[PDB]
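Have a look at final11.pdb below; it lists PDB, C-alpha atoms and all ligand atoms.
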```
ATOM      1  CA  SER A   1      -8.152 -14.548  35.930  1.00  0.00           C
ATOM      2  CA  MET A   2      -5.911 -12.620  33.560  1.00  0.00           C
ATOM      3  CA  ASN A   3      -5.885 -12.554  29.772  1.00  0.00           C
ATOM      4  CA  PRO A   4      -2.579 -13.128  27.962  1.00  0.00           C
ATOM      5  CA  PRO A   5      -0.994 -10.337  25.945  1.00  0.00           C
ATOM      6  CA  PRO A   6      -2.758 -10.157  22.583  1.00  0.00           C
ATOM      7  CA  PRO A   7      -0.904 -11.477  19.532  1.00  0.00           C
ATOM      8  CA  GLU A   8       1.637  -9.011  18.146  1.00  0.00           C
ATOM      9  CA  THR A   9       0.504  -6.966  15.147  1.00  0.00           C
ATOM     10  CA  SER A  10       3.944  -5.602  14.298  1.00  0.00           C
ATOM     11  CA  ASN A  11       7.521  -6.747  14.857  1.00  0.00           C
ATOM     12  CA  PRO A  12      10.631  -4.917  13.621  1.00  0.00           C
ATOM     13  CA  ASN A  13      12.529  -8.219  13.386  1.00  0.00           C
ATOM     14  CA  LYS A  14       9.977  -9.999  11.187  1.00  0.00           C
ATOM     15  CA  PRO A  15      10.379  -9.497   7.420  1.00  0.00           C
ATOM     16  CA  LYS A  16       7.340  -8.182   5.591  1.00  0.00           C
ATOM     17  CA  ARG A  17       6.271  -7.338   2.050  1.00  0.00           C
ATOM     18  CA  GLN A  18       3.211  -6.343   0.066  1.00  0.00           C
ATOM     19  CA  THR A  19       1.679  -8.890  -2.306  1.00  0.00           C
ATOM     20  CA  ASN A  20      -1.441  -8.727  -4.447  1.00  0.00           C
ATOM     21  CA  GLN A  21      -2.742 -11.741  -2.510  1.00  0.00           C
ATOM     22  CA  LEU A  22      -2.321  -9.969   0.832  1.00  0.00           C
ATOM     23  CA  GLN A  23      -4.019  -6.912  -0.678  1.00  0.00           C
ATOM     24  CA  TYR A  24      -6.923  -9.166  -1.684  1.00  0.00           C
ATOM     25  CA  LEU A  25      -7.044 -10.642   1.818  1.00  0.00           C
ATOM     26  CA  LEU A  26      -7.458  -7.156   3.276  1.00  0.00           C
ATOM     27  CA  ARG A  27      -9.689  -5.456   0.746  1.00  0.00           C
ATOM     28  CA  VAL A  28     -11.941  -8.345  -0.176  1.00  0.00           C
ATOM     29  CA  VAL A  29     -11.735 -11.123   2.414  1.00  0.00           C
ATOM     30  CA  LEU A  30     -11.240  -9.197   5.658  1.00  0.00           C
ATOM     31  CA  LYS A  31     -13.568  -6.343   4.657  1.00  0.00           C
ATOM     32  CA  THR A  32     -16.352  -8.728   3.689  1.00  0.00           C
ATOM     33  CA  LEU A  33     -16.157 -10.715   6.924  1.00  0.00           C
ATOM     34  CA  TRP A  34     -15.719  -7.650   9.115  1.00  0.00           C
ATOM     35  CA  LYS A  35     -19.096  -6.140   8.200  1.00  0.00           C
ATOM     36  CA  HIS A  36     -21.041  -9.382   8.600  1.00  0.00           C
ATOM     37  CA  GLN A  37     -23.682  -9.200  11.345  1.00  0.00           C
ATOM     38  CA  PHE A  38     -22.019 -12.173  13.102  1.00  0.00           C
ATOM     39  CA  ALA A  39     -18.500 -10.673  12.972  1.00  0.00           C
ATOM     40  CA  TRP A  40     -18.345  -8.645  16.181  1.00  0.00           C
ATOM     41  CA  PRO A  41     -17.364 -11.431  18.650  1.00  0.00           C
ATOM     42  CA  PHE A  42     -14.366 -12.136  16.390  1.00  0.00           C
ATOM     43  CA  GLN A  43     -13.284  -8.507  16.009  1.00  0.00           C
ATOM     44  CA  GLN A  44     -11.034  -8.572  19.093  1.00  0.00           C
ATOM     45  CA  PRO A  45      -9.289 -11.212  21.224  1.00  0.00           C
ATOM     46  CA  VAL A  46     -11.469 -13.454  23.367  1.00  0.00           C
ATOM     47  CA  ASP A  47     -11.781 -11.727  26.746  1.00  0.00           C
ATOM     48  CA  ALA A  48     -11.945 -14.808  28.910  1.00  0.00           C
ATOM     49  CA  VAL A  49     -12.000 -12.663  32.043  1.00  0.00           C
ATOM     50  CA  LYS A  50     -15.140 -10.767  31.067  1.00  0.00           C
ATOM     51  CA  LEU A  51     -16.823 -13.887  29.658  1.00  0.00           C
ATOM     52  CA  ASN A  52     -15.977 -15.746  32.896  1.00  0.00           C
ATOM     53  CA  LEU A  53     -14.237 -18.551  31.026  1.00  0.00           C
ATOM     54  CA  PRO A  54     -11.306 -19.338  33.340  1.00  0.00           C
ATOM     55  CA  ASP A  55     -10.315 -22.398  31.269  1.00  0.00           C
ATOM     56  CA  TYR A  56     -10.232 -20.705  27.856  1.00  0.00           C
ATOM     57  CA  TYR A  57      -6.500 -19.943  27.712  1.00  0.00           C
ATOM     58  CA  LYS A  58      -5.849 -23.324  29.315  1.00  0.00           C
ATOM     59  CA  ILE A  59      -7.383 -25.002  26.256  1.00  0.00           C
ATOM     60  CA  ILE A  60      -6.573 -22.457  23.558  1.00  0.00           C
ATOM     61  CA  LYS A  61      -2.825 -21.858  23.451  1.00  0.00           C
ATOM     62  CA  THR A  62      -2.704 -20.157  20.036  1.00  0.00           C
ATOM     63  CA  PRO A  63      -5.436 -17.514  20.184  1.00  0.00           C
ATOM     64  CA  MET A  64      -6.289 -15.531  17.077  1.00  0.00           C
ATOM     65  CA  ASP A  65      -9.026 -13.068  16.138  1.00  0.00           C
ATOM     66  CA  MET A  66     -10.058 -10.923  13.166  1.00  0.00           C
ATOM     67  CA  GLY A  67      -9.021  -7.724  14.906  1.00  0.00           C
ATOM     68  CA  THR A  68      -5.461  -9.051  15.109  1.00  0.00           C
ATOM     69  CA  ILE A  69      -5.593 -10.212  11.485  1.00  0.00           C
ATOM     70  CA  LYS A  70      -6.964  -6.826  10.354  1.00  0.00           C
ATOM     71  CA  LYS A  71      -4.130  -4.982  12.087  1.00  0.00           C
ATOM     72  CA  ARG A  72      -1.499  -7.422  10.793  1.00  0.00           C
ATOM     73  CA  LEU A  73      -2.774  -6.733   7.263  1.00  0.00           C
ATOM     74  CA  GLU A  74      -2.999  -2.951   7.744  1.00  0.00           C
ATOM     75  CA  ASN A  75       0.404  -2.811   9.458  1.00  0.00           C
ATOM     76  CA  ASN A  76       2.097  -4.886   6.756  1.00  0.00           C
ATOM     77  CA  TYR A  77       3.071  -7.642   9.207  1.00  0.00           C
ATOM     78  CA  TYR A  78       2.886 -10.587   6.848  1.00  0.00           C
ATOM     79  CA  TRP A  79       5.372 -11.957   4.336  1.00  0.00           C
ATOM     80  CA  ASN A  80       2.818 -13.982   2.388  1.00  0.00           C
ATOM     81  CA  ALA A  81      -0.829 -14.955   2.058  1.00  0.00           C
ATOM     82  CA  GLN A  82      -0.257 -18.359   3.665  1.00  0.00           C
ATOM     83  CA  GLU A  83       0.644 -16.696   6.971  1.00  0.00           C
ATOM     84  CA  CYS A  84      -2.621 -14.777   6.933  1.00  0.00           C
ATOM     85  CA  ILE A  85      -4.754 -17.720   5.843  1.00  0.00           C
ATOM     86  CA  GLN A  86      -3.223 -19.772   8.669  1.00  0.00           C
ATOM     87  CA  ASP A  87      -4.296 -17.063  11.118  1.00  0.00           C
ATOM     88  CA  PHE A  88      -7.896 -17.229   9.849  1.00  0.00           C
ATOM     89  CA  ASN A  89      -7.800 -21.030  10.091  1.00  0.00           C
ATOM     90  CA  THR A  90      -6.504 -20.791  13.655  1.00  0.00           C
ATOM     91  CA  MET A  91      -9.328 -18.396  14.583  1.00  0.00           C
ATOM     92  CA  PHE A  92     -12.052 -20.740  13.306  1.00  0.00           C
ATOM     93  CA  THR A  93     -10.457 -23.920  14.624  1.00  0.00           C
ATOM     94  CA  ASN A  94     -10.073 -22.426  18.119  1.00  0.00           C
ATOM     95  CA  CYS A  95     -13.744 -21.534  18.179  1.00  0.00           C
ATOM     96  CA  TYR A  96     -14.717 -25.065  17.166  1.00  0.00           C
ATOM     97  CA  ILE A  97     -12.354 -26.652  19.668  1.00  0.00           C
ATOM     98  CA  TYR A  98     -13.447 -24.648  22.701  1.00  0.00           C
ATOM     99  CA  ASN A  99     -17.194 -24.418  22.115  1.00  0.00           C
ATOM    100  CA  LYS A 100     -20.005 -26.984  21.790  1.00  0.00           C
ATOM    101  CA  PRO A 101     -21.379 -27.905  18.314  1.00  0.00           C
ATOM    102  CA  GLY A 102     -24.795 -26.427  19.117  1.00  0.00           C
ATOM    103  CA  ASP A 103     -23.562 -23.142  20.572  1.00  0.00           C
ATOM    104  CA  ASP A 104     -24.566 -19.785  19.100  1.00  0.00           C
ATOM    105  CA  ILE A 105     -20.936 -18.738  18.707  1.00  0.00           C
ATOM    106  CA  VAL A 106     -20.250 -21.888  16.659  1.00  0.00           C
ATOM    107  CA  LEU A 107     -23.180 -21.183  14.357  1.00  0.00           C
ATOM    108  CA  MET A 108     -21.866 -17.637  13.968  1.00  0.00           C
ATOM    109  CA  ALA A 109     -18.383 -18.970  13.219  1.00  0.00           C
ATOM    110  CA  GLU A 110     -19.773 -21.433  10.655  1.00  0.00           C
ATOM    111  CA  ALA A 111     -21.505 -18.616   8.782  1.00  0.00           C
ATOM    112  CA  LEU A 112     -18.338 -16.517   8.687  1.00  0.00           C
ATOM    113  CA  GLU A 113     -16.287 -19.564   7.702  1.00  0.00           C
ATOM    114  CA  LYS A 114     -18.541 -20.311   4.730  1.00  0.00           C
ATOM    115  CA  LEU A 115     -18.072 -16.723   3.589  1.00  0.00           C
ATOM    116  CA  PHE A 116     -14.319 -16.870   4.158  1.00  0.00           C
ATOM    117  CA  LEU A 117     -14.080 -20.020   2.039  1.00  0.00           C
ATOM    118  CA  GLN A 118     -16.157 -18.459  -0.751  1.00  0.00           C
ATOM    119  CA  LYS A 119     -13.755 -15.491  -0.896  1.00  0.00           C
ATOM    120  CA  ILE A 120     -10.559 -17.505  -0.431  1.00  0.00           C
ATOM    121  CA  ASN A 121     -11.609 -19.683  -3.375  1.00  0.00           C
ATOM    122  CA  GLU A 122     -11.007 -16.725  -5.697  1.00  0.00           C
ATOM    123  CA  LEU A 123      -7.657 -15.691  -4.235  1.00  0.00           C
ATOM    124  CA  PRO A 124      -5.712 -14.274  -7.222  1.00  0.00           C
ATOM    125  CA  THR A 125      -2.512 -15.814  -8.509  1.00  0.00           C
ATOM    126  CA  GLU A 126       0.579 -13.985  -7.269  1.00  0.00           C
ATOM    127  CA  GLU A 127       1.537 -11.219  -9.708  1.00  0.00           C
TER     128      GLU A 127
HETATM  129  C1  LIG B 201     -15.135 -15.983  19.250  1.00  0.00           C
HETATM  130  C2  LIG B 201     -15.051 -16.961  20.386  1.00  0.00           C
HETATM  131  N1  LIG B 201     -14.279 -18.089  20.450  1.00  0.00           N
HETATM  132  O1  LIG B 201     -14.493 -18.703  21.638  1.00  0.00           O
HETATM  133  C3  LIG B 201     -15.381 -18.045  22.419  1.00  0.00           C
HETATM  134  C4  LIG B 201     -15.702 -18.579  23.783  1.00  0.00           C
HETATM  135  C5  LIG B 201     -15.792 -16.861  21.669  1.00  0.00           C
HETATM  136  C6  LIG B 201     -16.778 -15.853  22.122  1.00  0.00           C
HETATM  137  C7  LIG B 201     -17.983 -16.296  22.662  1.00  0.00           C
HETATM  138  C8  LIG B 201     -18.917 -15.370  23.093  1.00  0.00           C
HETATM  139  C9  LIG B 201     -18.659 -14.010  22.938  1.00  0.00           C
HETATM  140  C10 LIG B 201     -19.622 -13.022  23.466  1.00  0.00           C
HETATM  141  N2  LIG B 201     -19.286 -11.788  23.879  1.00  0.00           N
HETATM  142  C11 LIG B 201     -20.379 -11.170  24.401  1.00  0.00           C
HETATM  143  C12 LIG B 201     -20.489  -9.889  24.934  1.00  0.00           C
HETATM  144  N3  LIG B 201     -21.670  -9.465  25.397  1.00  0.00           N
HETATM  145  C13 LIG B 201     -22.730 -10.283  25.357  1.00  0.00           C
HETATM  146  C14 LIG B 201     -22.635 -11.563  24.836  1.00  0.00           C
HETATM  147  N4  LIG B 201     -21.456 -11.991  24.366  1.00  0.00           N
HETATM  148  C15 LIG B 201     -21.047 -13.137  23.825  1.00  0.00           C
HETATM  149  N5  LIG B 201     -21.847 -14.217  23.581  1.00  0.00           N
HETATM  150  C16 LIG B 201     -22.584 -14.389  22.330  1.00  0.00           C
HETATM  151  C17 LIG B 201     -23.706 -13.364  22.194  1.00  0.00           C
HETATM  152  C18 LIG B 201     -21.664 -14.213  21.126  1.00  0.00           C
HETATM  153  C19 LIG B 201     -23.192 -15.791  22.285  1.00  0.00           C
HETATM  154  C20 LIG B 201     -17.441 -13.568  22.445  1.00  0.00           C
HETATM  155  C21 LIG B 201     -16.499 -14.501  22.021  1.00  0.00           C
END
```
Re-express the file's structure as structure tokens.
Amino acid sequence: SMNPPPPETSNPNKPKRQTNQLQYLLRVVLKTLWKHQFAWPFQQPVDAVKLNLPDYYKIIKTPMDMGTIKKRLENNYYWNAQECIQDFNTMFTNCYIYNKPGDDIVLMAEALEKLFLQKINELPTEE
């Protein structure tokens, strides 16, 4: 009945850089998702203790959430856009793996995911 430590959002041993793609991921993609009415359950790590889901971190071994992604972007954690995109993908996939197809949280995820894909489609070329 304990949560794991949340994913790191900074690491002095991990190389980082700014790219126009990462800037787009923060200012366009993250910002757009963050303000969506269905965003709030994804704005921080899943609190399996409070939700009384004792099997959550037994099934989900690579947790990820938009709060973590937001901080990673703001804190200049990433080296490239692929790292950040993978984190988004992990967030959605986890939700679909743990929850049932009909569940409210899945329908909320699906709405955010559609939006994410619409924005990621126009990711700028690196320059
Ligand atoms: C994201 C995510 N990936 O897996 C699970 C499980 C969640 C999840 C599910 C549910 C919630 C939630 N948190 C509150 C807090 N207070 C009341 C309800 N809550 C609900 N359930 C809702 C409304 C989202 C169905 C949060 C995260």
Worksheet item: Within 12 Å of ligand LIG 201 (chain B), counting only C-alpha atoms and all ligand atoms, which protein or nucleic acid residues do you find, written as a PyMOL selection string?
Response: chain A and resi 37-57+59-60+62-67+88+90-110+112
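Evaluated on this file, the PyMOL selection byres (((chain A and resi 78-86) around 8) and not hetatm) matches residues 15, 16, 17, 18, 19, 21, 22, 25, 69, 72, 73, 76, 77, 87, 88, 89 and 90 of chain A.
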Worksheet item: CA of residue 24 (chain A) to CA of residue 124 (chain A): how many Å, to one decimal?
Response: 7.6 Å
Worksheet, complete the sentence: Students should find that CA of residue 119 (chain A) and CA of residue 29 (chain A) are spaced 5.8 Å
Discussion item. What does the structure give for the distance between CA of residue 28 (chain A) and CA of residue 120 (chain A), in Å to one decimal?
Written reply: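 A separation of 9.3 Å between them.
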Discussion item. Nearest residue to residue 23 (chain A) out of A:75, A:9, A:3, A:118, using all atoms listed in the file?
Written reply: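 Checking each candidate against residue 23 (chain A), we get A:75 as the closest.
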